[PDB]
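Starting off, we have a lone chain in the form deposited in one PDB entry, written out as structure tokens.
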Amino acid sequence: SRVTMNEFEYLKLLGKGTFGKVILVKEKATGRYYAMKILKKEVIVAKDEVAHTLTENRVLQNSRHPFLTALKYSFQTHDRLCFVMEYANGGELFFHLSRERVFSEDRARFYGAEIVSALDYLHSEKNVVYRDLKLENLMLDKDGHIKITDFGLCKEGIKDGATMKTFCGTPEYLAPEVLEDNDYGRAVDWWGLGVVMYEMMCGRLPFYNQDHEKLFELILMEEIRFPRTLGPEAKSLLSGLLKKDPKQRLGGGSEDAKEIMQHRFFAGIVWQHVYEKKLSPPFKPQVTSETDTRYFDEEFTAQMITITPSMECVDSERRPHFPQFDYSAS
């Protein structure tokens, strides 16, 4: 258990939420930069977020893909869990779309392809369903390639047509079959892909109401509509991804991602080239240094950091000693 919190300099707040914070850090000994997610044990326990936290840890440790965030270290103190991950310097797609309103079909295509590559890997090679696709969880690396973050809602052990039970996800992104609450399969990820790609090309959610009651009714009952400037292949792709019956959805059959990969919207895409990062990103992040946070909301980066500075074997109900938090990537 070599690295500890004292091995890092804490530079800037990147993100914050009910469960904890994510800080831009420098490993002092190497000069390398990372995003460190710091969670308070007491909070995770109180909010029944333990299982999610442990799932993210396992999924990160078990996965290696161009478009998935890589984990460098995970470790714990008596009161905290720390995940030291590759820093996605280009920020959230949420940040960009908020400012730009829409992406071109070509730009949405590039992101869509990298997302499909990542999800295909998870489904096919890892038997993992992601369940939480949304613009906040889709980040850009310094070169402009996708990095998916936040694996806490994943389900492991989902092979082929195996089903899942848990009601989870983000309300505006929930698939009809999730809302029905009578079991669902891996095609929930393709609904999620539909929502994000719809947002990218159309500049709004496919279904929205500030009241969750009304929102859920729309998702279940309302036929999809598109702005009339949307091209025919994009309309076709989104229509297929946003079919309410997962059995009728693009990606919803035995071939899974391969059905999406073959859709005419992605005609000409060479999928091995996607994997190899041989497509030139349409937007290159213009960061001037390894610490430039221009693609992060000032609401976060303006905040002051004061990290709190024996107890190595302490294992309590409120602050447990958790398993698999002695990780350093080989």
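For every residue, the number given is its place in the sequence shown, counted from 1.
The same protein has a further form, the form solved in complex with a partner chain, not shown here; the description that follows concerns it.
- Interface residue among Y173, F103, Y73, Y111, judged by heavy atoms within 4.5 Å of its partner chain in the deposited bound form: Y173.
- Contact annotation: of the candidates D141, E233, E136, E156, the single residue with a non-hydrogen atom within 4.5 angstroms of its partner chain in the deposited bound form is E136.
- Between 186-194, 205-213, 223-231, 246-254, the stretch whose residues reach within 4.5 angstroms of its partner chain in the deposited bound form through a non-hydrogen atom is 205-213.
- Its partner chain is not shown here, and in the deposited bound form it never comes within 4.5 Å of any heavy atom of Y121.
- Its partner chain is not shown here, and in the deposited bound form it never comes within 4.5 Å of any heavy atom of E290.
- Taking the partner from elsewhere, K40 is found to have every heavy atom lying beyond 4.5 Å of its partner chain in the deposited bound form.
- Put simply, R32 is far from its partner chain in the deposited bound form: not one heavy atom of it is within 4.5 Å.
- Taken together, the three residues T18, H52 and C168 all lie with some non-hydrogen atom within 4.5 angstroms of its partner chain in the deposited bound form.
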